[PDB]
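Before any comments, here is the structure.
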Amino acid sequence: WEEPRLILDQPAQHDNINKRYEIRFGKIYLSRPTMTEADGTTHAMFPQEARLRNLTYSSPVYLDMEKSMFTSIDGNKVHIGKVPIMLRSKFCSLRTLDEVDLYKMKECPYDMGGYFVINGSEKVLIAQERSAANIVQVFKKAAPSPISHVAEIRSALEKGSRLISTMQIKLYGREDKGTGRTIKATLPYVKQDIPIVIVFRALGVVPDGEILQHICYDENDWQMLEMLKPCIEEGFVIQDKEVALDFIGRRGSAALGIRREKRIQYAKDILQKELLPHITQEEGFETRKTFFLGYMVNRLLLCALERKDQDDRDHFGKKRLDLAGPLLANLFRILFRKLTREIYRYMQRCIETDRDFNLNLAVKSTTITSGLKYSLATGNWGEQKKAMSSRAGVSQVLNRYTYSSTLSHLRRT
Amino acid sequence: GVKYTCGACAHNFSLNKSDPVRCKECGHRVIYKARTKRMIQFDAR
Amino acid sequence: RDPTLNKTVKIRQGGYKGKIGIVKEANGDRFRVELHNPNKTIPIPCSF
Amino acid sequence: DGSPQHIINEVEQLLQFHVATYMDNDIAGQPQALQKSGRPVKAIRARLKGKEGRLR
Amino acid sequence: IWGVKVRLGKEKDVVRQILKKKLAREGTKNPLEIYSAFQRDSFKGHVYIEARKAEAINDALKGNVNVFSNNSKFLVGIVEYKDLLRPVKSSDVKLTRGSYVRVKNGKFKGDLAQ
Amino acid sequence: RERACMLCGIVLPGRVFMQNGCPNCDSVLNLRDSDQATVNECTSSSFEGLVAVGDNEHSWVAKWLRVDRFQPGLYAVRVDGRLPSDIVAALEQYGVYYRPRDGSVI
Amino acid sequence: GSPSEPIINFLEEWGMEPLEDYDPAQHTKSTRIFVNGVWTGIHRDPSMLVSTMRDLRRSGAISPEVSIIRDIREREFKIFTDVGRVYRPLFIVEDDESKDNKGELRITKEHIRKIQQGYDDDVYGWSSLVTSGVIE
Amino acid sequence: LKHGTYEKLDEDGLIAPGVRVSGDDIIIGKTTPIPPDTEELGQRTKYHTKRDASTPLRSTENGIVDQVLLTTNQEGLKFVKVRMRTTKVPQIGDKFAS
Amino acid sequence: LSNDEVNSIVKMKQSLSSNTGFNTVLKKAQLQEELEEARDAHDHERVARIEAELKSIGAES
RNA sequence: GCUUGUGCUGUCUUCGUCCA
Ligand SMILES: [Zn+2]
Ligand SMILES: [Zn+2]
């Protein structure tokens with residue numbers, strides 16, 4: 001449901017008829033794992049059979065696709081792939097079986113599950129440790145560099161927990177060197193850094209006093225005001241919202257020659273979206289973005305004035321662990337986007353012939369099936385062609401030399 | 001000519017290198033060869 | 001080629017009396033017989 | 001057969017690229033020559049350098 | 001004259017689509033302001049359009065899927081204009097009766113035949 | 001199935017030439033009022049260099065191919081085969097000189 | 001992972017004021033409130049708010065794996081419902097000064113006897129201990 | 001063919017459980033077809049049409065065949081698994097730890 | 001025998017099969033899958049019948 | 001009259017062993 005609508009339009013003129021073709025994705029249906037033989041029959045699969053015959057313990061996934069034919073003058077379950085099933089989970093066949101049928105199924109009652117069976121080989125996903133998102137971290141740059149402190153934040157949307165953008169606020173100028181200690185802010189899809197006053201005005205707060213009101217929270221602290229003074233002096237050249245947005249729009253890495261109004265619209269787009277996306281995405285909600293910018297600049301100043309130590313990178317409460325869930329979610333997002341692009345390409349090719357496509361031919365379940373199977377079998381957590389420069393060892397063969405080693409391998413990070 | 005045993009119902013049968021590898025009675029896809037007839041001796045040590 | 005290669009044999013004399021084996025190498029009288037339980041192969045004259 | 005100078009330049013640059021990546025596939029500032037599997041091509045230079053190279 | 005890279009085997013398809021759009025938009029408020037377009041079998045992957053403005057080229061390529069994502073357009077040199085339309089292997093004049101030729105395949109593969 | 005008219009250089013389907021004739025060469029070949037004989041001799045299905053012309057008058061390509069006085073459509077740079085001598089003599093009777101587009105004559 | 005919408009509803013119910021109604025000159029003593037790293041509002045009586053949030057979490061109203069952090073030194077109050085946070089359980093010591101049980105564990109021999117039996121005296125397992133406020 | 005023995009195989013090309021196996025001995029017999037040479041010049045029963053692709057036992061190992069599994073793969077061809085069992089008695093050079 | 005003939009013989013003996021532990025476990029698993037399908041479809045009538053059938057088949061020793 | 005056959009992949013990845 002992240003991208004639930006594929007859209008194809010065709011302003012046919014061959015009596016102008018504007019036709020829109022669009023397909024919607026509905027419900028997801030899952031089943032218990034099944035095994036399909038060469039003679040064509042099917043039967044319920046159990047993990048011992050998959051281990052003995054070098055099968056993959058996986059279940060089919062069905063998706064409801066609804067097709068509509070929009071025209072202006074001026075659909076059932078499709079199999080999208082097979083997902084490997086983790087043993088002893090809610091979707092495993094061994095979850096229900098009691099102690100006696102577990103013995104009849106040749107399963108050990110001491111076995112705990114938590115692994116997958118790909119081609120008869122037991123694979124365990126290793127938890128990946130990453131830094132937390134949506135937190136401001138202030139660091140000190142080393143001596144052979146004009147930058148003395150940096151304040152970086154990585155933003156991730158709550159739905160899906162996926163990284164979107166990274167924004168930094170560098171503090172140029174060394175102690176007693178480089179004249180003024182200007183504060184430049186790095187922005188996404190912008191080729192060169194930007195002083196904080198210009199972007200602050202671009203968000204829609206012009207007066208310098210209110211910029212200081214947003215940044216600082218105690219007027220008697222003359223030192224932070226002194227450190228902000230060079231930024232005010234540098235940004236004094238810009239004094240209006242619209243010229244500030246235009247200045248944003250010139251450096252926005254877009255195609256050369258864009259007109260001024262379109263540049264301003266592009267700046268408005270790149271400012272509303274992709275600038276601190278975790279805060280908000282709608283228009284006219286930039287007050288919170290200005291307050292958060294003031295908070296980041298305040299943290300940068302507090303660290304720069306030796307009032308606080310730089311953030312501990314190795315602190316464990318600032319780290320996160322990715323279990324089977326998030327890793328499989330990222331992998332499935334990539335594979336589903338690939339499948340959607342394939343469906344789009346096939347639809348574009350088919351509209352040339354102008355036929356009432358079954359829609360059970362556009363979908364290639366082999367994409368998701370092979371991608372998941374390859375990633376779990378080899379441990380390379382990405383597309384097969386993208387194996388170079390990709391994370392490796394995320395999936396390993398389960399250790400079975402002794403029971404304690406199996407437990408340790410199942411609880412590793 | 002060669003004896004087998006089903007992996008599910010432990011039924012014995014034979015194959016002639018032309019039948020599908022399946023159990024006759026319960027249709028399991030997993031079968032095992034029977035133990036040889038040669039003499040088996042151990043040194044009890 | 002001797003007619004005794006790859007044939008089940010029993011030892012009748014010496015320190016391995018009454019042990020079942022299989023003849024693997026037979027050049028001149030010194031038959032090489034693998035022992036069913038000890039994972040080893042031993043030389044032995046054909047007389048035994 | 002027929003010589004549009006742009007097409008000559010394109011195909012001759014392709015020939016130069018092939019001859020260059022046949023001997024050195026670690027050229028800085030340009031993409032490597034890749035195999036159909038996506039792995040980079042093993043050039044003659046890479047056979048002679050490193051711990052696993054010819055010399056060492 | 002501008003040349004634009006396209007996908008292999010779709011050059012004639014792009015030529016026919018350009019002609020169809022030119023005919024359809026003729027007599028309208030915003031006709032396709034081009035003059036001619038063509039391609040050559042030997043010069044694979046190239047489609048040459050004769051116009052006067054780059055915006056006309058962009059309008060002509062608009063709505064086509066065989067054109068690659070990047071605007072891979074270049075200005076053809078004026079001297080190359082005659083070379084782009086020069087003929088090739090045209091002097092030849094069909095097969096001549098009485099000549100001796102060899103057979104490519106079949107039961108008489110390689111036998112000389114008159 | 002498409003054929004390239006030898007005289008004017010236009011490319012149209014062979015059945016279009018049989019049913020409707022060549023829209024430009026009809027004044028001197030009478031292709032619309034002729035049998036498959038004249039269609040086969042004056043149009044060839046083997047060609048190279050598909051050309052689409054939008055504006056005959058101002059296109060330098062049209063002047064270079066001598067097609068600036070003809071109907072816009074599909075054109076061929078090179079056409080295999082030449083017009084027969086009797087058709088050439090008939091065109092010379094009409095006062096029109098025929099320059100072959102086969103490339104062998106230059 | 002847990003949704004943050006009930007957390008925001010509880011915070012807005014208990015006197016949190018949004019950012020648009022915030023003046024840094026006027027609010028020289030208010031506490032900034034963060035939810036999943038997003039500054040969502042301010043409050044002037046953080047003690048009552050943190051007590052109410054902690055009591056709600058200990059009663060099962062809020063999910064037990066939600067983080068409730070009060071930074072007194074920096075005047076911040078942070079809440080995390082993110083996925084991937086590593087946690088461990090601990091006994092809760094009755095810290096209420098007004099209570100007689102101050103300085104003593106909340107878990108008693110009655111809880112141990114109920115755990116050994118397996119049911120409450122009008123299933124009693126680990127989750128029953130967690131939602132009774134003796135473990136968090 | 002290989003240098004090991006083939007007399008321990010059965011008619012179906014598989015060894016039976018309970019048989020002693022030494023290094024290099026053949027436990028799975030498999031052949032692949034090969035387009036015959038000019039041996040159709042006359043070789044009544046001794047013209048080669050197959051190439052050997054058998055599986056020998058590891059040269060450093062020996063033991064008893066414990067269990068032989070026969071089934072079919074996902075595609076539909078035959079599929080075999082042979083398990084060998086042996087006993088390892090402690091000796092000089094074996095590693096122990098507290 | 002062919003694959004179809006073997007499957008027909010297996011189905012015939014399954015019809016003749018009074019009881020077999022492996023087949024009872026497979027049937028109970030299939031019934032559990034049908035039960036979760038009925039529960040997810042909010043069918044309050046089918047699930048009672050499947051529960052009654054499972055209760056009749058179950059209670060092993 | 002009947003004679004004994006003569007050998008082996010590559011490239012990555014992961015987990016380990018003994019020092020350091
Ligand atoms: Zn059976
Ligand atoms: Zn004509």
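Numbering starts fresh at 1 for the residues of each chain in the structure tokens, the chains themselves are lettered A, B, ... in the order given, and ligands are numbered from 1 as they appear.
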Throw together the list of residues within 10 Å of ligand 2, counting only C-alpha atoms (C1' of nucleotides) and all ligand atoms, and drop it here as a PDB file with N, CA and C atoms, in the first residue's frame.
```
ATOM      1  N   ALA F   4       8.998   0.439 -52.335  1.00  0.00           N
ATOM      2  CA  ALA F   4       9.518   1.780 -52.569  1.00  0.00           C
ATOM      3  C   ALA F   4       9.410   2.084 -54.057  1.00  0.00           C
ATOM      4  N   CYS F   5       8.646   3.125 -54.392  1.00  0.00           N
ATOM      5  CA  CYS F   5       8.471   3.546 -55.777  1.00  0.00           C
ATOM      6  C   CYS F   5       9.787   4.057 -56.352  1.00  0.00           C
ATOM      7  N   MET F   6      10.201   3.476 -57.484  1.00  0.00           N
ATOM      8  CA  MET F   6      11.511   3.779 -58.059  1.00  0.00           C
ATOM      9  C   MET F   6      11.607   5.223 -58.539  1.00  0.00           C
ATOM     10  N   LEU F   7      10.538   5.743 -59.148  1.00  0.00           N
ATOM     11  CA  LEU F   7      10.604   7.056 -59.786  1.00  0.00           C
ATOM     12  C   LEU F   7      10.652   8.185 -58.759  1.00  0.00           C
ATOM     13  N   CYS F   8       9.594   8.331 -57.961  1.00  0.00           N
ATOM     14  CA  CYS F   8       9.526   9.449 -57.025  1.00  0.00           C
ATOM     15  C   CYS F   8      10.243   9.178 -55.710  1.00  0.00           C
ATOM     16  N   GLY F   9      10.457   7.916 -55.348  1.00  0.00           N
ATOM     17  CA  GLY F   9      11.119   7.585 -54.103  1.00  0.00           C
ATOM     18  C   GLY F   9      10.217   7.361 -52.906  1.00  0.00           C
ATOM     19  N   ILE F  10       8.895   7.505 -53.055  1.00  0.00           N
ATOM     20  CA  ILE F  10       7.999   7.288 -51.917  1.00  0.00           C
ATOM     21  C   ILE F  10       7.908   5.795 -51.598  1.00  0.00           C
ATOM     22  N   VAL F  11       7.578   5.498 -50.342  1.00  0.00           N
ATOM     23  CA  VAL F  11       7.419   4.128 -49.862  1.00  0.00           C
ATOM     24  C   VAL F  11       5.994   3.972 -49.353  1.00  0.00           C
ATOM     25  N   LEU F  12       5.268   3.021 -49.924  1.00  0.00           N
ATOM     26  CA  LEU F  12       3.897   2.708 -49.555  1.00  0.00           C
ATOM     27  C   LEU F  12       3.706   1.204 -49.680  1.00  0.00           C
ATOM     28  N   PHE F  17      -0.343   0.706 -53.641  1.00  0.00           N
ATOM     29  CA  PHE F  17       0.009   1.005 -55.028  1.00  0.00           C
ATOM     30  C   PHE F  17      -0.939   0.331 -56.014  1.00  0.00           C
ATOM     31  N   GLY F  21      -2.723   3.554 -56.564  1.00  0.00           N
ATOM     32  CA  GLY F  21      -1.614   4.114 -57.305  1.00  0.00           C
ATOM     33  C   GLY F  21      -0.694   4.967 -56.455  1.00  0.00           C
ATOM     34  N   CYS F  22       0.416   5.347 -57.065  1.00  0.00           N
ATOM     35  CA  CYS F  22       1.320   6.315 -56.466  1.00  0.00           C
ATOM     36  C   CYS F  22       0.707   7.705 -56.577  1.00  0.00           C
ATOM     37  N   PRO F  23       0.551   8.441 -55.469  1.00  0.00           N
ATOM     38  CA  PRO F  23      -0.147   9.738 -55.534  1.00  0.00           C
ATOM     39  C   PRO F  23       0.610  10.808 -56.304  1.00  0.00           C
ATOM     40  N   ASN F  24       1.918  10.652 -56.492  1.00  0.00           N
ATOM     41  CA  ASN F  24       2.738  11.626 -57.198  1.00  0.00           C
ATOM     42  C   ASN F  24       3.059  11.206 -58.624  1.00  0.00           C
ATOM     43  N   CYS F  25       3.383   9.934 -58.832  1.00  0.00           N
ATOM     44  CA  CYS F  25       3.806   9.434 -60.131  1.00  0.00           C
ATOM     45  C   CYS F  25       2.645   9.049 -61.036  1.00  0.00           C
ATOM     46  N   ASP F  26       1.399   9.191 -60.570  1.00  0.00           N
ATOM     47  CA  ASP F  26       0.230   8.850 -61.383  1.00  0.00           C
ATOM     48  C   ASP F  26       0.126   9.688 -62.655  1.00  0.00           C
ATOM     49  N   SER F  27       0.675  10.905 -62.652  1.00  0.00           N
ATOM     50  CA  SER F  27       0.581  11.771 -63.823  1.00  0.00           C
ATOM     51  C   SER F  27       1.438  11.302 -64.994  1.00  0.00           C
ATOM     52  N   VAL F  28       2.447  10.464 -64.759  1.00  0.00           N
ATOM     53  CA  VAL F  28       3.315  10.005 -65.842  1.00  0.00           C
ATOM     54  C   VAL F  28       3.464   8.493 -65.909  1.00  0.00           C
ATOM     55  N   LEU F  29       3.170   7.742 -64.849  1.00  0.00           N
ATOM     56  CA  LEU F  29       3.154   6.288 -64.896  1.00  0.00           C
ATOM     57  C   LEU F  29       1.753   5.697 -64.956  1.00  0.00           C
ATOM     58  N   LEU F  31      -0.117   4.804 -62.590  1.00  0.00           N
ATOM     59  CA  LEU F  31      -0.092   3.649 -61.688  1.00  0.00           C
ATOM     60  C   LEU F  31      -1.467   3.308 -61.115  1.00  0.00           C
ATOM     61  N   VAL F  39       3.237  -1.675 -61.234  1.00  0.00           N
ATOM     62  CA  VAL F  39       3.528  -1.629 -59.799  1.00  0.00           C
ATOM     63  C   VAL F  39       4.831  -2.356 -59.479  1.00  0.00           C
ATOM     64  N   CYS F  42       7.905  -0.398 -61.370  1.00  0.00           N
ATOM     65  CA  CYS F  42       8.188   0.948 -60.887  1.00  0.00           C
ATOM     66  C   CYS F  42       8.255   1.063 -59.369  1.00  0.00           C
ATOM     67  N   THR F  43       7.990  -0.013 -58.624  1.00  0.00           N
ATOM     68  CA  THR F  43       8.144  -0.009 -57.172  1.00  0.00           C
ATOM     69  C   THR F  43       8.829  -1.295 -56.737  1.00  0.00           C
ATOM     70  N   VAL F  67      12.705  15.370 -53.902  1.00  0.00           N
ATOM     71  CA  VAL F  67      11.361  14.979 -53.502  1.00  0.00           C
ATOM     72  C   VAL F  67      10.594  16.159 -52.910  1.00  0.00           C
ATOM     73  N   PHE F  70       6.790  16.570 -54.062  1.00  0.00           N
ATOM     74  CA  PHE F  70       5.982  15.368 -53.923  1.00  0.00           C
ATOM     75  C   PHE F  70       5.225  15.364 -52.599  1.00  0.00           C
ATOM     76  N   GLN F  71       4.377  14.349 -52.444  1.00  0.00           N
ATOM     77  CA  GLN F  71       3.559  14.205 -51.245  1.00  0.00           C
ATOM     78  C   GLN F  71       4.423  13.757 -50.066  1.00  0.00           C
ATOM     79  N   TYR F  75       9.915   7.711 -47.411  1.00  0.00           N
ATOM     80  CA  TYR F  75      10.812   7.740 -48.558  1.00  0.00           C
ATOM     81  C   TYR F  75      12.047   6.893 -48.280  1.00  0.00           C
TER      82      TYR F  75
END
```
### Message
Please return as a list in words the residues found within 9 Å of ligand 1, counting only C-alpha atoms (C1' of nucleotides) and all ligand atoms.
### Response
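Checked against 9 Å with only C-alpha atoms (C1' of nucleotides) and all ligand atoms; the hits are residues 5, 6, 7, 8, 9, 10, 11, 12, 22, 23, 24, 25, 26, 27, 28, 29, 30 and 31 of chain B.
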### Message
For the structure I just gave you, how does DSSP split chain B - specifically, which residues are strand (DSSP E)? Reply as a list in words.
### Response
residues 2, 3, 4, 5, 6, 12, 13, 14, 15, 31, 32 and 33 of chain B
Spatial neighbours of residue 22 in chain H, max dist 8 Å, only C-alpha atoms (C1' of nucleotides), sep filter under 3 positions, as a compact mmCIF listing (two decimals) with N, CA, C and O atoms, in the first residue's frame:
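Dumped everything to part.txt:
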```txt
# COMPACT_ATOMS: atom_id res chain seq x y z
N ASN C 39 39.32 -49.91 10.97
CA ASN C 39 39.43 -49.15 9.73
C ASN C 39 40.88 -49.13 9.26
O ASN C 39 41.56 -48.11 9.35
N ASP H 25 36.91 -45.47 -2.57
CA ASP H 25 35.90 -46.40 -3.04
C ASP H 25 34.70 -45.64 -3.59
O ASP H 25 34.34 -44.57 -3.10
N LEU H 57 34.42 -42.00 -2.19
CA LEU H 57 34.59 -41.64 -0.79
C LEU H 57 35.88 -40.84 -0.63
O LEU H 57 36.84 -41.03 -1.38
N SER H 59 39.40 -39.64 0.45
CA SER H 59 40.59 -40.49 0.53
C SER H 59 41.07 -40.70 1.95
O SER H 59 41.66 -41.75 2.26
N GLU H 61 39.11 -40.81 4.68
CA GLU H 61 38.05 -41.32 5.52
C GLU H 61 37.73 -42.78 5.20
O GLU H 61 37.97 -43.24 4.08
N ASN H 62 37.20 -43.48 6.19
CA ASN H 62 36.66 -44.82 6.02
C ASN H 62 35.65 -45.07 7.12
O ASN H 62 35.67 -44.41 8.16
N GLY H 63 34.75 -46.01 6.87
CA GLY H 63 33.68 -46.26 7.81
C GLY H 63 32.70 -47.29 7.29
O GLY H 63 33.04 -48.12 6.45
```
### Task
Fewer than 5 positions away in the same chain doesn't count, so skip those; otherwise give me all residues within 10 Å of residue 60 in chain G, counting only C-alpha atoms (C1' of nucleotides), as a ChimeraX atom specification.
/G:55,127-128,130-133
### Task
Choose the residue, out of A:236, A:29, A:115, A:46, that has the smallest atom-to-atom separation from residue 97 in chain A; count only C-alpha atoms.
A:46
How close does each residue of chain A get to chain H, giving the shortest atom pair and distance in Å to one decimal for every residue with an atom at most 10 Å away, counting only C-alpha atoms, sorted by chain and residue number, as a Markdown table?
```
| residue | atom | partner | partner_atom | distance |
| --- | --- | --- | --- | --- |
| A:35 | CA | H:74 | CA | 8.9 |
| A:36 | CA | H:74 | CA | 8.1 |
| A:37 | CA | H:74 | CA | 6.8 |
| A:38 | CA | H:76 | CA | 5.5 |
| A:39 | CA | H:76 | CA | 8.4 |
| A:52 | CA | H:69 | CA | 8.6 |
| A:53 | CA | H:73 | CA | 6.3 |
| A:54 | CA | H:73 | CA | 7.4 |
| A:55 | CA | H:74 | CA | 7.0 |
| A:56 | CA | H:74 | CA | 9.6 |
| A:119 | CA | H:74 | CA | 9.8 |
```
### Task
Find the residues around range 25-42 of chain I up to 12 Å (only C-alpha atoms (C1' of nucleotides) counted), leave out those fewer than 6 positions away in its own chain, and share them as a PyMOL selection string.
(chain A and resi 29-34+43-46+90-106) or (chain B and resi 8) or (chain I and resi 14+19+48-60)
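CA of residue 147 in chain A is found 5.9 Å from CA of residue 173 in chain A.
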### Message
Residues near residue 22 in chain C, anyone? I mean within 10 Å using only C-alpha atoms (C1' of nucleotides), not counting same-chain ones fewer than 6 positions away, as a PyMOL selection string.
### Response
(chain C and resi 4-10+31-36+41) or (chain H and resi 20)
Mind writing the picked residues with N, CA, C and O atoms as an mmCIF file, in the first residue's frame?
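Once everything was written out, this is out22.cif:
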```cif
data_model
loop_
_atom_site.group_PDB
_atom_site.id
_atom_site.type_symbol
_atom_site.label_atom_id
_atom_site.label_comp_id
_atom_site.auth_asym_id
_atom_site.auth_seq_id
_atom_site.Cartn_x
_atom_site.Cartn_y
_atom_site.Cartn_z
ATOM 1 N N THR C 4 40.820 -63.740 -6.747
ATOM 2 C CA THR C 4 40.485 -63.526 -5.351
ATOM 3 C C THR C 4 40.298 -62.035 -5.054
ATOM 4 O O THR C 4 39.877 -61.671 -3.949
ATOM 5 N N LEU C 5 40.445 -61.174 -6.057
ATOM 6 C CA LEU C 5 40.263 -59.746 -5.847
ATOM 7 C C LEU C 5 38.792 -59.405 -5.634
ATOM 8 O O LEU C 5 37.911 -59.959 -6.297
ATOM 9 N N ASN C 6 38.551 -58.497 -4.681
ATOM 10 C CA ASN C 6 37.221 -57.987 -4.333
ATOM 11 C C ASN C 6 36.278 -59.104 -3.892
ATOM 12 O O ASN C 6 35.086 -59.090 -4.199
ATOM 13 N N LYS C 7 36.811 -60.074 -3.160
ATOM 14 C CA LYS C 7 36.040 -61.202 -2.664
ATOM 15 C C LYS C 7 36.150 -61.271 -1.149
ATOM 16 O O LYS C 7 37.210 -60.984 -0.585
ATOM 17 N N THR C 8 35.044 -61.632 -0.498
ATOM 18 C CA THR C 8 35.026 -61.763 0.953
ATOM 19 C C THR C 8 35.932 -62.911 1.380
ATOM 20 O O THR C 8 35.867 -64.007 0.822
ATOM 21 N N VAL C 9 36.778 -62.655 2.379
ATOM 22 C CA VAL C 9 37.775 -63.617 2.818
ATOM 23 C C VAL C 9 37.770 -63.660 4.343
ATOM 24 O O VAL C 9 37.331 -62.724 5.012
ATOM 25 N N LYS C 10 38.235 -64.779 4.889
ATOM 26 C CA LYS C 10 38.364 -64.964 6.325
ATOM 27 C C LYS C 10 39.790 -65.388 6.639
ATOM 28 O O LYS C 10 40.394 -66.161 5.892
ATOM 29 N N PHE C 31 48.645 -60.825 -0.059
ATOM 30 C CA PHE C 31 47.324 -60.234 -0.216
ATOM 31 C C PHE C 31 47.101 -59.097 0.777
ATOM 32 O O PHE C 31 47.423 -59.216 1.961
ATOM 33 N N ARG C 32 46.582 -57.979 0.280
ATOM 34 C CA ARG C 32 46.197 -56.846 1.112
ATOM 35 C C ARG C 32 44.704 -56.951 1.394
ATOM 36 O O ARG C 32 43.890 -56.864 0.470
ATOM 37 N N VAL C 33 44.345 -57.127 2.662
ATOM 38 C CA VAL C 33 42.966 -57.364 3.070
ATOM 39 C C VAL C 33 42.537 -56.256 4.024
ATOM 40 O O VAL C 33 43.183 -56.041 5.056
ATOM 41 N N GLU C 34 41.456 -55.554 3.683
ATOM 42 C CA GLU C 34 40.879 -54.586 4.604
ATOM 43 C C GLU C 34 40.004 -55.297 5.632
ATOM 44 O O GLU C 34 39.315 -56.266 5.319
ATOM 45 N N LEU C 35 40.074 -54.835 6.876
ATOM 46 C CA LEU C 35 39.322 -55.438 7.970
ATOM 47 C C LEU C 35 38.004 -54.698 8.148
ATOM 48 O O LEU C 35 37.970 -53.465 8.077
ATOM 49 N N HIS C 36 36.918 -55.457 8.325
ATOM 50 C CA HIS C 36 35.588 -54.856 8.396
ATOM 51 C C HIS C 36 35.434 -53.911 9.587
ATOM 52 O O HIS C 36 34.901 -52.807 9.437
ATOM 53 N N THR C 41 43.955 -51.591 6.637
ATOM 54 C CA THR C 41 44.275 -52.639 5.680
ATOM 55 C C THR C 41 45.606 -53.248 6.087
ATOM 56 O O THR C 41 46.548 -52.524 6.426
ATOM 57 N N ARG H 20 31.262 -51.984 4.334
ATOM 58 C CA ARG H 20 32.477 -51.273 4.704
ATOM 59 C C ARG H 20 33.008 -50.505 3.505
ATOM 60 O O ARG H 20 33.046 -51.023 2.385
#
```
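Here CA of residue 227 in chain A is placed at a distance of 16.3 Å from CA of residue 210 in chain A.
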#### Entry: All residues 6 Å or closer to residue 113 in chain E, only C-alpha atoms (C1' of nucleotides), same chain fewer than 6 positions away omitted, as JSON, numbers by chain
{"E": [100, 101, 102]}
Write the residues of the preceding selection, restricted to C-alpha atoms, as a PDB file, in the first residue's frame.
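Below is the file that was written, selection_15.pdb:
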```pdb
ATOM      1  CA  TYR E 100      29.779 -19.957 -61.041  1.00  0.00           C
ATOM      2  CA  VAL E 101      28.759 -19.773 -57.370  1.00  0.00           C
ATOM      3  CA  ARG E 102      29.052 -21.891 -54.232  1.00  0.00           C
TER       4      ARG E 102
END
```
#### Entry: Expected answer as number ranges by chain: chain H residues within 12 Å of chain C, only C-alpha atoms
H: 4-9, 18-23, 25, 60-65, 85-89
### Interface list for chain A, partner chain E, 12 Å threshold, only C-alpha atoms, as an MDAnalysis selection string
chainID A and resid 9:16 255 345 348:349 352
Selection file, C-alpha atoms, as a PDB file, in the first residue's frame:
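Output saved as selection-v5.pdb:
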```
ATOM      1  CA  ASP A   9      -2.396   7.845 -19.592  1.00  0.00           C
ATOM      2  CA  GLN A  10      -2.819   8.180 -23.356  1.00  0.00           C
ATOM      3  CA  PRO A  11      -4.272  11.342 -24.935  1.00  0.00           C
ATOM      4  CA  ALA A  12      -5.376   9.488 -28.056  1.00  0.00           C
ATOM      5  CA  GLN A  13      -5.968  11.650 -31.153  1.00  0.00           C
ATOM      6  CA  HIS A  14      -6.490   9.317 -34.135  1.00  0.00           C
ATOM      7  CA  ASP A  15     -11.972  13.225 -31.643  1.00  0.00           C
ATOM      8  CA  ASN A  16      -9.843  13.980 -28.578  1.00  0.00           C
ATOM      9  CA  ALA A 255      18.400  21.435 -15.409  1.00  0.00           C
ATOM     10  CA  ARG A 345       6.888  -1.877 -18.916  1.00  0.00           C
ATOM     11  CA  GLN A 348       3.250   0.024 -21.995  1.00  0.00           C
ATOM     12  CA  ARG A 349       4.307  -2.636 -24.513  1.00  0.00           C
ATOM     13  CA  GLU A 352       0.533  -0.943 -28.496  1.00  0.00           C
TER      14      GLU A 352
END
```
### Task
Within chain D, find each residue whose DSSP state, derived from the backbone, is alpha helix (DSSP H), and express the selection as an MDAnalysis selection string.
chainID D and resid 5:23
### Query
Would you list which chain J residues are within 10 Å of chain A using only C-alpha atoms (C1' of nucleotides), as number ranges by chain?
J: 13-15
Chain B near chain C within 9 Å: what's each residue's closest atom pair and its distance in Å to one decimal, counting only C-alpha atoms, ordered by chain then ascending residue number, as CSV?
```
residue,atom,partner,partner_atom,distance
B:38,CA,C:8,CA,8.7
B:39,CA,C:20,CA,7.9
B:40,CA,C:36,CA,7.4
B:41,CA,C:36,CA,6.6
B:42,CA,C:37,CA,5.1
B:43,CA,C:37,CA,6.2
```
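All chain A residues having an atom within 9 Å of chain G, based on only C-alpha atoms, amount to residues 129, 132, 133, 134, 135, 136, 158, 161, 213, 214, 216, 217, 218, 219, 278, 279, 287, 288, 291, 292, 316, 317, 318, 319, 320, 321, 322, 323 and 326 of chain A.
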### Message
Just to confirm, what's the straight-line distance from CA of residue 74 in chain E to CA of residue 5 in chain D in Å (one decimal)?
### Response
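Taking CA of residue 74 in chain E and CA of residue 5 in chain D, their separation equals 12.3 Å.
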### Message
Only residues of chain E matter here; which ones have an atom within 9 Å of chain D, counting only C-alpha atoms? Give them as a VMD selection string.
### Response
chain E and resid 42 to 43 76 80 83 to 84 86 to 89
